[PDB]
file work-v1.txt (compact mmCIF, C-alpha atoms and all ligand atoms)
# COMPACT_ATOMS: atom_id res chain seq x y z
CA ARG A 1 120.99 100.37 112.01
CA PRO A 2 118.91 97.43 111.09
CA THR A 3 119.81 94.46 108.90
CA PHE A 4 119.59 95.85 105.36
CA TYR A 5 120.22 93.96 102.10
CA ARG A 6 120.69 94.67 98.39
CA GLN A 7 118.69 93.05 95.57
CA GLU A 8 119.07 94.14 91.94
CA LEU A 9 115.55 93.05 90.96
CA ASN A 10 113.50 95.20 88.54
CA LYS A 11 116.61 96.71 86.96
CA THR A 12 117.13 98.98 89.95
CA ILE A 13 118.90 98.21 93.22
CA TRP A 14 116.86 97.74 96.40
CA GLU A 15 118.46 98.18 99.82
CA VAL A 16 115.86 97.17 102.40
CA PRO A 17 115.67 95.85 106.04
CA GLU A 18 115.85 92.09 106.57
CA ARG A 19 112.40 92.27 108.15
CA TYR A 20 111.26 92.79 104.57
CA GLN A 21 111.54 89.45 102.82
CA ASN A 22 110.14 88.02 99.57
CA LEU A 23 110.60 90.99 97.22
CA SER A 24 108.21 90.63 94.25
CA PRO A 25 108.06 93.34 91.54
CA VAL A 26 104.49 94.65 91.53
CA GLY A 27 105.45 96.93 88.65
CA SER A 28 105.22 100.43 87.16
CA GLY A 29 107.14 103.62 87.70
CA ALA A 30 107.69 107.26 86.66
CA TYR A 31 107.52 108.19 90.32
CA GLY A 32 108.99 104.90 91.54
CA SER A 33 108.25 101.18 91.77
CA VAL A 34 106.44 98.94 94.26
CA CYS A 35 107.12 95.34 95.31
CA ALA A 36 105.02 92.88 97.29
CA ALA A 37 106.94 91.60 100.30
CA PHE A 38 106.57 89.96 103.69
CA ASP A 39 107.12 91.66 107.02
CA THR A 40 109.23 89.39 109.22
CA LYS A 41 108.51 91.56 112.30
CA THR A 42 104.70 91.73 112.14
CA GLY A 43 104.16 88.73 109.90
CA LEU A 44 102.04 90.59 107.36
CA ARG A 45 101.98 90.99 103.57
CA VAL A 46 103.20 94.45 102.48
CA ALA A 47 104.01 96.70 99.52
CA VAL A 48 107.29 98.55 99.42
CA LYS A 49 107.58 101.59 97.17
CA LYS A 50 110.98 102.95 96.26
CA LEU A 51 110.86 106.43 94.76
CA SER A 52 112.51 107.22 91.44
CA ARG A 53 115.26 109.79 92.17
CA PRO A 54 113.30 111.44 95.04
CA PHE A 55 115.65 114.45 95.10
CA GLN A 56 116.75 114.82 91.47
CA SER A 57 115.01 118.15 90.86
CA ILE A 58 113.13 120.71 92.97
CA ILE A 59 109.88 119.17 91.80
CA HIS A 60 111.03 115.69 92.71
CA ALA A 61 112.18 116.88 96.12
CA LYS A 62 108.90 118.70 96.88
CA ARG A 63 106.93 115.67 95.63
CA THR A 64 108.80 113.32 97.94
CA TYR A 65 108.36 115.57 101.00
CA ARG A 66 104.71 116.26 100.15
CA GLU A 67 103.92 112.52 100.18
CA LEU A 68 105.81 111.68 103.37
CA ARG A 69 104.19 114.60 105.20
CA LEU A 70 100.74 113.48 104.03
CA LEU A 71 101.08 109.78 104.79
CA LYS A 72 102.63 110.35 108.20
CA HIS A 73 99.48 112.36 109.01
CA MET A 74 97.00 109.82 107.61
CA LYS A 75 95.12 107.96 110.31
CA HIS A 76 91.85 106.58 108.98
CA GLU A 77 90.55 103.08 108.21
CA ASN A 78 89.61 104.08 104.69
CA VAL A 79 92.92 105.72 103.85
CA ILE A 80 96.22 103.98 103.10
CA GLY A 81 98.33 103.98 106.28
CA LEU A 82 102.09 104.45 106.33
CA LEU A 83 103.61 101.39 108.02
CA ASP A 84 107.26 102.36 107.72
CA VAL A 85 109.60 104.78 105.92
CA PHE A 86 113.26 103.90 105.67
CA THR A 87 116.55 104.90 104.05
CA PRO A 88 119.82 102.95 103.53
CA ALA A 89 121.43 106.28 104.45
CA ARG A 90 122.93 106.73 107.92
CA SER A 91 123.39 110.47 107.51
CA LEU A 92 121.64 113.28 105.68
CA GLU A 93 124.82 113.58 103.63
CA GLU A 94 124.32 110.19 101.99
CA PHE A 95 120.53 110.64 101.83
CA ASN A 96 119.54 109.85 98.24
CA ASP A 97 116.92 107.12 98.46
CA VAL A 98 113.59 106.80 100.24
CA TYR A 99 111.17 103.87 100.68
CA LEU A 100 107.56 103.81 101.84
CA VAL A 101 105.84 100.71 103.22
CA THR A 102 102.13 99.97 103.37
CA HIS A 103 99.91 96.90 103.88
CA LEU A 104 99.43 94.84 100.69
CA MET A 105 95.85 94.99 99.48
CA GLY A 106 93.65 92.22 98.09
CA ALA A 107 93.14 94.02 94.80
CA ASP A 108 92.17 97.35 93.29
CA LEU A 109 88.73 98.49 92.24
CA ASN A 110 89.98 98.64 88.68
CA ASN A 111 90.04 94.87 88.33
CA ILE A 112 87.03 94.29 90.61
CA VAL A 113 84.86 95.68 87.80
CA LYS A 114 87.00 94.30 84.97
CA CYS A 115 85.98 90.91 86.31
CA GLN A 116 82.42 92.27 86.03
CA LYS A 117 79.73 94.42 87.66
CA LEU A 118 79.20 93.97 91.41
CA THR A 119 76.05 93.68 93.51
CA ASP A 120 74.19 96.75 94.68
CA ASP A 121 74.68 95.92 98.33
CA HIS A 122 78.33 95.54 97.38
CA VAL A 123 78.46 98.96 95.75
CA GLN A 124 76.94 100.62 98.83
CA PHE A 125 79.68 99.18 100.99
CA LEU A 126 82.32 100.45 98.57
CA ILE A 127 80.95 103.92 97.85
CA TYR A 128 80.25 104.44 101.62
CA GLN A 129 83.81 103.51 102.55
CA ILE A 130 85.19 105.86 99.86
CA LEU A 131 83.02 108.74 101.05
CA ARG A 132 84.06 108.04 104.65
CA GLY A 133 87.71 108.44 103.69
CA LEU A 134 86.86 111.64 101.80
CA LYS A 135 85.15 113.22 104.81
CA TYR A 136 88.36 112.61 106.77
CA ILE A 137 90.74 113.83 104.07
CA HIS A 138 88.49 116.74 103.05
CA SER A 139 88.19 117.79 106.69
CA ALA A 140 91.93 118.56 106.71
CA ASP A 141 91.88 120.60 103.48
CA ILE A 142 93.26 117.74 101.42
CA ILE A 143 91.91 117.04 97.92
CA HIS A 144 92.83 113.79 96.20
CA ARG A 145 92.12 115.10 92.69
CA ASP A 146 93.25 111.74 91.32
CA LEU A 147 90.33 109.46 92.04
CA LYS A 148 90.05 106.51 89.69
CA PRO A 149 89.46 102.73 90.16
CA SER A 150 93.17 101.86 90.44
CA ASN A 151 93.53 104.20 93.41
CA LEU A 152 90.94 102.25 95.36
CA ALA A 153 92.12 98.98 96.96
CA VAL A 154 90.38 96.40 99.13
CA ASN A 155 91.48 95.12 102.54
CA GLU A 156 92.54 91.54 103.18
CA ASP A 157 88.85 91.07 103.98
CA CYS A 158 86.74 93.82 102.39
CA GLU A 159 87.82 97.11 103.91
CA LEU A 160 88.28 99.81 101.25
CA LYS A 161 91.41 101.94 101.18
CA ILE A 162 92.12 105.17 99.29
CA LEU A 163 95.65 105.52 97.91
CA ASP A 164 97.43 107.45 95.16
CA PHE A 165 99.80 106.52 92.35
CA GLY A 166 98.38 102.97 92.57
CA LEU A 167 100.08 100.36 90.35
CA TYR A 168 95.36 102.19 80.10
CA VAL A 169 92.71 103.90 82.22
CA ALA A 170 92.83 107.69 81.89
CA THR A 171 92.47 109.62 85.12
CA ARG A 172 90.80 112.31 82.98
CA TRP A 173 87.78 109.99 82.67
CA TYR A 174 86.99 110.73 86.32
CA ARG A 175 88.14 114.36 86.46
CA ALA A 176 85.48 116.93 87.37
CA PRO A 177 84.76 119.42 84.51
CA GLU A 178 85.95 122.55 86.36
CA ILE A 179 89.54 121.38 86.57
CA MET A 180 89.50 119.71 83.18
CA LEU A 181 90.75 122.71 81.20
CA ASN A 182 91.83 125.26 83.80
CA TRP A 183 88.05 125.94 83.71
CA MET A 184 88.12 127.87 87.00
CA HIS A 185 88.30 127.74 90.80
CA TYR A 186 87.83 124.26 92.22
CA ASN A 187 87.17 122.74 95.61
CA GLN A 188 87.12 119.24 97.10
CA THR A 189 83.84 118.37 95.39
CA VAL A 190 86.13 117.64 92.49
CA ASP A 191 86.57 114.34 94.32
CA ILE A 192 82.82 113.79 94.61
CA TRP A 193 82.47 114.09 90.80
CA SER A 194 85.06 111.33 90.50
CA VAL A 195 83.11 109.23 93.00
CA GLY A 196 79.95 109.49 90.93
CA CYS A 197 81.99 108.33 87.95
CA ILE A 198 83.40 105.38 89.83
CA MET A 199 80.00 104.48 91.30
CA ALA A 200 78.33 104.49 87.84
CA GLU A 201 80.94 102.13 86.35
CA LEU A 202 80.58 99.78 89.36
CA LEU A 203 76.83 99.80 88.75
CA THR A 204 77.02 99.41 84.97
CA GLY A 205 80.36 97.72 84.30
CA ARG A 206 81.28 100.43 81.75
CA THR A 207 83.28 103.66 81.96
CA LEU A 208 80.72 106.46 82.37
CA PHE A 209 82.77 109.02 80.38
CA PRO A 210 85.63 107.58 78.40
CA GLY A 211 86.74 110.82 76.70
CA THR A 212 89.71 110.60 74.33
CA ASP A 213 90.87 114.11 75.14
CA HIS A 214 89.94 117.13 77.26
CA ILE A 215 87.71 118.40 74.46
CA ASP A 216 85.95 115.06 73.89
CA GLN A 217 85.75 114.52 77.66
CA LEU A 218 83.72 117.68 78.33
CA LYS A 219 81.57 116.77 75.31
CA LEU A 220 80.79 113.36 76.84
CA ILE A 221 79.92 115.07 80.12
CA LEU A 222 77.66 117.82 78.82
CA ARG A 223 75.86 115.08 76.93
CA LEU A 224 74.74 113.40 80.14
CA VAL A 225 74.32 116.32 82.56
CA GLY A 226 73.58 118.80 79.77
CA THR A 227 75.00 122.21 78.85
CA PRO A 228 75.63 124.91 81.54
CA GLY A 229 72.63 126.79 82.88
CA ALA A 230 72.56 130.57 82.54
CA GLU A 231 72.85 130.56 86.35
CA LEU A 232 76.09 128.59 86.23
CA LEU A 233 77.38 130.85 83.43
CA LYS A 234 76.93 133.75 85.82
CA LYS A 235 79.74 132.27 87.90
CA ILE A 236 82.23 131.65 85.08
CA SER A 237 84.85 134.43 85.04
CA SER A 238 86.79 133.57 81.88
CA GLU A 239 85.54 135.14 78.68
CA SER A 240 87.06 132.38 76.51
CA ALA A 241 85.55 129.54 78.55
CA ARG A 242 82.24 131.40 78.39
CA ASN A 243 82.33 131.87 74.64
CA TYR A 244 83.38 128.28 74.03
CA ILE A 245 80.64 126.89 76.26
CA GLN A 246 77.87 129.18 74.97
CA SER A 247 78.95 128.37 71.41
CA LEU A 248 78.07 124.72 71.91
CA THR A 249 74.75 123.29 70.73
CA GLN A 250 72.75 123.39 73.94
CA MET A 251 72.41 119.87 75.38
CA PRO A 252 69.58 119.03 77.70
CA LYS A 253 70.06 117.10 80.95
CA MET A 254 69.25 113.42 80.73
CA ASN A 255 67.14 111.61 83.31
CA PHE A 256 69.59 109.42 85.20
CA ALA A 257 66.74 106.94 85.80
CA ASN A 258 66.87 106.48 82.03
CA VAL A 259 70.66 106.25 81.82
CA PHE A 260 70.74 103.80 84.72
CA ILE A 261 67.68 101.61 84.11
CA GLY A 262 67.23 98.75 86.58
CA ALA A 263 69.53 100.44 89.08
CA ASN A 264 68.57 101.02 92.71
CA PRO A 265 66.58 104.27 92.61
CA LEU A 266 68.41 105.37 95.74
CA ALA A 267 71.69 104.69 93.96
CA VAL A 268 70.46 106.77 91.02
CA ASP A 269 69.30 109.75 93.12
CA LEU A 270 72.75 109.97 94.77
CA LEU A 271 74.45 109.93 91.33
CA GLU A 272 72.22 112.84 90.40
CA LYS A 273 73.56 114.66 93.50
CA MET A 274 77.23 113.93 92.73
CA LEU A 275 77.34 114.46 88.96
CA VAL A 276 76.41 118.16 89.14
CA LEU A 277 78.28 120.64 86.92
CA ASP A 278 78.08 123.52 89.43
CA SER A 279 80.72 122.68 92.04
CA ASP A 280 78.72 124.86 94.40
CA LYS A 281 75.65 122.57 94.42
CA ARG A 282 77.53 119.26 94.41
CA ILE A 283 76.89 116.98 97.35
CA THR A 284 79.78 116.87 99.84
CA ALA A 285 81.24 113.64 101.15
CA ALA A 286 79.73 114.30 104.58
CA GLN A 287 76.24 115.11 103.22
CA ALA A 288 76.32 112.03 100.98
CA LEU A 289 77.26 109.88 103.98
CA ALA A 290 73.84 110.79 105.36
CA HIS A 291 72.09 109.88 102.09
CA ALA A 292 69.53 107.06 102.28
CA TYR A 293 71.55 104.93 99.87
CA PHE A 294 73.84 104.09 102.79
CA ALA A 295 71.29 103.92 105.66
CA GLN A 296 72.46 100.35 106.05
CA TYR A 297 76.02 101.45 106.93
CA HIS A 298 75.81 105.16 107.87
CA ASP A 299 76.80 105.86 111.48
CA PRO A 300 77.38 109.56 112.05
CA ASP A 301 79.08 108.75 115.36
CA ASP A 302 81.70 106.68 113.51
CA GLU A 303 82.45 108.89 110.51
CA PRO A 304 85.37 110.95 111.93
CA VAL A 305 87.16 114.00 110.61
CA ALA A 306 90.90 114.59 110.55
CA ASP A 307 92.96 116.79 112.77
CA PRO A 308 94.32 119.97 111.07
CA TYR A 309 97.04 119.55 108.48
CA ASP A 310 99.45 122.38 107.74
CA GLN A 311 100.21 122.77 104.04
CA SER A 312 102.01 126.13 104.27
CA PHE A 313 105.08 124.43 102.77
CA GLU A 314 103.22 124.27 99.45
CA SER A 315 103.62 128.04 99.27
CA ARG A 316 107.36 127.86 99.97
CA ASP A 317 110.12 128.04 97.33
CA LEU A 318 113.18 126.26 98.69
CA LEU A 319 116.27 124.53 97.28
CA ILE A 320 116.69 120.80 96.53
CA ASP A 321 118.69 120.44 99.75
CA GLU A 322 116.06 122.22 101.86
CA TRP A 323 113.31 119.91 100.65
CA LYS A 324 115.77 117.01 101.06
CA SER A 325 116.78 118.00 104.58
CA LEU A 326 113.11 118.47 105.51
CA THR A 327 112.40 115.01 104.08
CA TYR A 328 115.22 113.65 106.26
CA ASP A 329 113.81 115.03 109.51
CA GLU A 330 110.50 113.49 108.48
CA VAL A 331 112.00 110.02 107.86
CA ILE A 332 113.95 110.11 111.11
CA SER A 333 111.09 111.41 113.30
CA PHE A 334 108.81 108.62 112.08
CA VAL A 335 107.01 106.64 114.77
CA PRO A 336 105.72 103.23 113.66
CA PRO A 337 101.95 103.28 114.18
CA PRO A 338 100.71 100.14 115.71
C1 LIG A 401 103.62 101.02 99.22
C2 LIG A 401 103.08 102.43 99.07
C3 LIG A 401 103.82 103.59 99.46
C4 LIG A 401 103.34 104.93 99.31
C5 LIG A 401 102.04 105.17 98.73
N1 LIG A 401 101.56 106.47 98.62
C6 LIG A 401 100.24 106.68 98.64
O1 LIG A 401 99.37 105.79 98.62
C7 LIG A 401 99.67 108.09 98.57
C8 LIG A 401 100.42 109.15 98.05
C9 LIG A 401 99.92 110.40 98.01
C10 LIG A 401 98.70 110.54 98.47
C11 LIG A 401 97.86 109.65 98.97
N2 LIG A 401 96.61 110.00 99.34
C12 LIG A 401 95.86 109.02 100.02
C13 LIG A 401 94.40 109.51 100.27
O2 LIG A 401 94.03 110.86 100.04
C14 LIG A 401 95.01 111.86 100.03
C15 LIG A 401 96.00 111.32 98.93
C16 LIG A 401 98.32 108.39 99.04
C17 LIG A 401 101.36 103.96 98.37
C18 LIG A 401 101.81 102.67 98.52
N3 LIG A 401 101.02 101.60 98.11
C19 LIG A 401 100.83 101.19 96.79
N4 LIG A 401 101.39 102.02 95.99
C20 LIG A 401 101.30 101.73 94.65
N5 LIG A 401 100.61 100.63 94.27
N6 LIG A 401 100.04 99.76 95.08
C21 LIG A 401 99.35 98.63 94.87
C22 LIG A 401 98.92 98.10 96.15
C23 LIG A 401 98.22 96.85 96.32
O3 LIG A 401 97.96 96.30 97.43
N7 LIG A 401 97.94 96.22 95.18
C24 LIG A 401 97.09 95.10 95.39
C25 LIG A 401 95.95 94.92 94.45
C26 LIG A 401 97.96 93.99 95.07
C27 LIG A 401 97.73 92.69 95.70
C28 LIG A 401 98.65 91.68 95.29
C29 LIG A 401 99.70 91.95 94.35
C30 LIG A 401 99.92 93.22 93.76
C31 LIG A 401 99.02 94.22 94.15
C32 LIG A 401 99.38 99.00 97.20
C33 LIG A 401 99.18 98.86 98.80
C34 LIG A 401 100.10 100.01 96.45
call {"tool": "encode", "arguments": {"input": "work-v1.txt", "output": "structure tokens"}}
result
Amino acid sequence: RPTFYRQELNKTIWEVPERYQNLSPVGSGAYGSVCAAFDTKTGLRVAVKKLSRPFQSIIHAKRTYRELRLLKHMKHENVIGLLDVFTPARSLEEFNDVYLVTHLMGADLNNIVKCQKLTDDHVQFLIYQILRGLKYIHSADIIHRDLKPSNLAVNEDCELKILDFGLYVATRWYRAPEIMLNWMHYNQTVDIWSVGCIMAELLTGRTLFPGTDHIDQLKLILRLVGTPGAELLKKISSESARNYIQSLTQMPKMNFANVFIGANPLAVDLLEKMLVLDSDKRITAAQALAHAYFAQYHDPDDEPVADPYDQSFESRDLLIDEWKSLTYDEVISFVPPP
């Protein structure tokens, strides 16, 4: 019950509202494809993502639902906002496709560095905006766990936006050590570790830890931060992980000031606070927002938290049709922000 319209671009069929004009394949897939388009109704450039077989399996179905639920709840200036969700289906019975619309960004952070290494005052603005989005997200028990340059995009102007599944840079390069081999219990500081990795690259132009595998990755990490202290080992519950770790040639911690020569010493001190092996002593997004490095931008009366998000459904074990149905209600009940 708008004006829809087919378009076999890509190699897949796209049935979208007439308001969405100028469909341009942005690329990729596995979980679906995105196109750059123009919103006739708001006169704005947008990205339209059509999911690949949203309800093909129980994992597809839960994936779909999990994303809708999240986006619909996302209201922050540093987090990708859901502009519109739509389906060519008029009934739940013929519900087989789902599309998600967002603003079109200027570019990712991936390329921003590929072009080169940015200014310090430019890095502060970026890292601050990322951390601001993480306070929000983290406040509602949401962990990104997938932080990497391509999942960071910049506003029409210069507003940073966190997204996911952004369209060969390994996400493992930014993964915190504790979740890099089942290692053990992990919290949201897993995201902070990633941040420190992204910040370093932006400062240096090079990938901080470009491991070729999980084994090599950890090796690259323990080389910089050094092998686990006997205090950290006290908190490792797995006997195998313990043996493995202890059986490594003990590496000492490097002085970041040495690794990052010429870098803002405030920028360096933060990095020392983020790239900590013990998830328990890692700086949180909120604490880092108060760090001197961002005194220029910090504004504790403008760094908001999120309102409670219920993720009970994650626990649930339903059927394809129950996730599908639930996804339907979610599409229907959608209220366009402005
Ligand atoms: C259209 C949509 C629909 C759904 C979700 N889904 C999500 O972003 C999600 C999915 C799950 C979780 C989260 N989180 C967000 C934050 O923290 C919790 C996790 C978030 C994303 C999107 N957007 C995009 N999806 C994929 N790629 N992509 C590239 C650009 C973009 O502007 N390229 C520039 C650089 C660009 C500019 C010109 C030409 C091409 C590209 C944009 C806007 C997207």
call {"tool": "closest_residue", "arguments": {"input": "work-v1.txt", "among": "A:181, A:44, A:167, A:208", "to": "ligand LIG 401 (chain A)", "atoms": "all atoms listed in the file"}}
result
A:167
call {"tool": "atom_distance", "arguments": {"input": "work-v1.txt", "atom1": "CA of residue 137 in chain A", "atom2": "atom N2 of ligand LIG 401 (chain A)"}}
result
8.5 Å
call {"tool": "atom_distance", "arguments": {"input": "work-v1.txt", "atom1": "atom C11 of ligand LIG 401 (chain A)", "atom2": "CA of residue 67 in chain A"}}
result
6.8 Å
call {"tool": "residues_around", "arguments": {"input": "work-v1.txt", "residues": "residue 141 in chain A", "least_positions_apart": "4", "cutoff": "12 Å", "atoms": "all atoms listed in the file", "output": "list in words"}}
result
residues 70, 134, 135, 136, 137, 187, 188, 189, 305, 306, 307, 308, 309, 310, 311 and 312 of chain A
call {"tool": "residues_around", "arguments": {"input": "work-v1.txt", "residues": "range 111-113 of chain A", "least_positions_apart": "6", "cutoff": "12 Å", "atoms": "only C-alpha atoms", "output": "PyMOL selection string"}}
result
chain A and resi 119+122-123+126+148-154+158+167+169+198-207
call {"tool": "closest_residue", "arguments": {"input": "work-v1.txt", "among": "A:145, A:242, A:6, A:281", "to": "ligand LIG 401 (chain A)", "atoms": "all atoms listed in the file"}}
result
A:145
call {"tool": "residues_near_point", "arguments": {"input": "work-v1.txt", "point": "(107.1, 117.2, 92.3)", "cutoff": "12 Å", "atoms": "only C-alpha atoms", "output": "CSV table (one decimal) with C-alpha atoms, in the frame of the given file"}}
result
chain,number,residue,atom,x,y,z
A,30,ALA,CA,107.7,107.3,86.7
A,31,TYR,CA,107.5,108.2,90.3
A,51,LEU,CA,110.9,106.4,94.8
A,52,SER,CA,112.5,107.2,91.4
A,53,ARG,CA,115.3,109.8,92.2
A,54,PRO,CA,113.3,111.4,95.0
A,55,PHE,CA,115.6,114.4,95.1
A,56,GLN,CA,116.8,114.8,91.5
A,57,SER,CA,115.0,118.2,90.9
A,58,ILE,CA,113.1,120.7,93.0
A,59,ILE,CA,109.9,119.2,91.8
A,60,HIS,CA,111.0,115.7,92.7
A,61,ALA,CA,112.2,116.9,96.1
A,62,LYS,CA,108.9,118.7,96.9
A,63,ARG,CA,106.9,115.7,95.6
A,64,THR,CA,108.8,113.3,97.9
A,65,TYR,CA,108.4,115.6,101.0
A,66,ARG,CA,104.7,116.3,100.2
A,67,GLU,CA,103.9,112.5,100.2
A,314,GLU,CA,103.2,124.3,99.4
A,320,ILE,CA,116.7,120.8,96.5
A,323,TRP,CA,113.3,119.9,100.6
call {"tool": "closest_residue", "arguments": {"input": "work-v1.txt", "among": "A:84, A:18, A:156, A:164", "to": "ligand LIG 401 (chain A)", "atoms": "only C-alpha atoms and all ligand atoms"}}
result
A:164
call {"tool": "closest_residue", "arguments": {"input": "work-v1.txt", "among": "A:98, A:82, A:259, A:222", "to": "residue 14 in chain A", "atoms": "all atoms listed in the file"}}
result
A:98
call {"tool": "closest_residue", "arguments": {"input": "work-v1.txt", "among": "A:80, A:318, A:68, A:224", "to": "residue 252 in chain A", "atoms": "only C-alpha atoms"}}
result
A:224
call {"tool": "atom_distance", "arguments": {"input": "work-v1.txt", "atom1": "CA of residue 100 in chain A", "atom2": "CA of residue 179 in chain A"}}
result
29.4 Å
call {"tool": "axis_aligned_box", "arguments": {"input": "work-v1.txt", "around": "range 119-122 of chain A", "padding_each_side": "8 Å", "output": "lines of an AutoDock Vina configuration file"}}
result
center_x = 76.3
center_y = 95.2
center_z = 95.9
size_x = 20.1
size_y = 19.1
size_z = 20.8
call {"tool": "closest_atom_pairs", "arguments": {"input": "work-v1.txt", "of": "range 140-201 of chain A", "to": "range 288-303 of chain A", "cutoff": "12 Å", "atoms": "all atoms listed in the file", "output": "tab-separated table"}}
result
residue	atom	partner	partner_atom	distance
A:189	CA	A:288	CA	11.3
A:192	CA	A:288	CA	9.3
A:195	CA	A:288	CA	10.8
A:196	CA	A:288	CA	11.0
call {"tool": "closest_residue", "arguments": {"input": "work-v1.txt", "among": "A:32, A:166, A:25, A:88", "to": "ligand LIG 401 (chain A)", "atoms": "all atoms listed in the file"}}
result
A:166
call {"tool": "residues_around", "arguments": {"input": "work-v1.txt", "residues": "residue 264 in chain A", "least_positions_apart": "3", "cutoff": "10 Å", "atoms": "only C-alpha atoms", "output": "list in words"}}
result
residues 120, 121, 203, 257, 260, 261, 267, 268, 269 and 293 of chain A
call {"tool": "residues_around", "arguments": {"input": "work-v1.txt", "residues": "residue 276 in chain A", "least_positions_apart": "2", "cutoff": "10 Å", "atoms": "only C-alpha atoms", "output": "JSON list (two decimals) with C-alpha atoms, in the frame of the given file"}}
result
[["chain", "number", "residue", "atom", "x", "y", "z"],
["A", 176, "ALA", "CA", 85.48, 116.93, 87.37],
["A", 177, "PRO", "CA", 84.76, 119.42, 84.51],
["A", 189, "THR", "CA", 83.84, 118.37, 95.39],
["A", 192, "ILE", "CA", 82.82, 113.79, 94.61],
["A", 193, "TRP", "CA", 82.47, 114.09, 90.80],
["A", 196, "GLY", "CA", 79.95, 109.49, 90.93],
["A", 225, "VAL", "CA", 74.32, 116.32, 82.56],
["A", 226, "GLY", "CA", 73.58, 118.80, 79.77],
["A", 271, "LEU", "CA", 74.45, 109.93, 91.33],
["A", 272, "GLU", "CA", 72.22, 112.84, 90.40],
["A", 273, "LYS", "CA", 73.56, 114.66, 93.50],
["A", 274, "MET", "CA", 77.23, 113.93, 92.73],
["A", 278, "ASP", "CA", 78.08, 123.52, 89.43],
["A", 279, "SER", "CA", 80.72, 122.68, 92.04],
["A", 280, "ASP", "CA", 78.72, 124.86, 94.40],
["A", 281, "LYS", "CA", 75.65, 122.57, 94.42],
["A", 282, "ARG", "CA", 77.53, 119.26, 94.41],
["A", 283, "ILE", "CA", 76.89, 116.98, 97.35]]
call {"tool": "residues_around", "arguments": {"input": "work-v1.txt", "residues": "residue 250 in chain A", "least_positions_apart": "5", "cutoff": "10 Å", "atoms": "all atoms listed in the file", "output": "mmCIF file with C-alpha atoms, keeping the file's coordinate frame"}}
result
data_model
loop_
_atom_site.group_PDB
_atom_site.id
_atom_site.type_symbol
_atom_site.label_atom_id
_atom_site.label_comp_id
_atom_site.auth_asym_id
_atom_site.auth_seq_id
_atom_site.Cartn_x
_atom_site.Cartn_y
_atom_site.Cartn_z
ATOM 1 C CA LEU A 222 77.660 117.820 78.820
ATOM 2 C CA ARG A 223 75.860 115.080 76.930
ATOM 3 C CA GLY A 226 73.580 118.800 79.770
ATOM 4 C CA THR A 227 75.000 122.210 78.850
ATOM 5 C CA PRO A 228 75.630 124.910 81.540
ATOM 6 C CA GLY A 229 72.630 126.790 82.880
ATOM 7 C CA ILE A 245 80.640 126.890 76.260
#
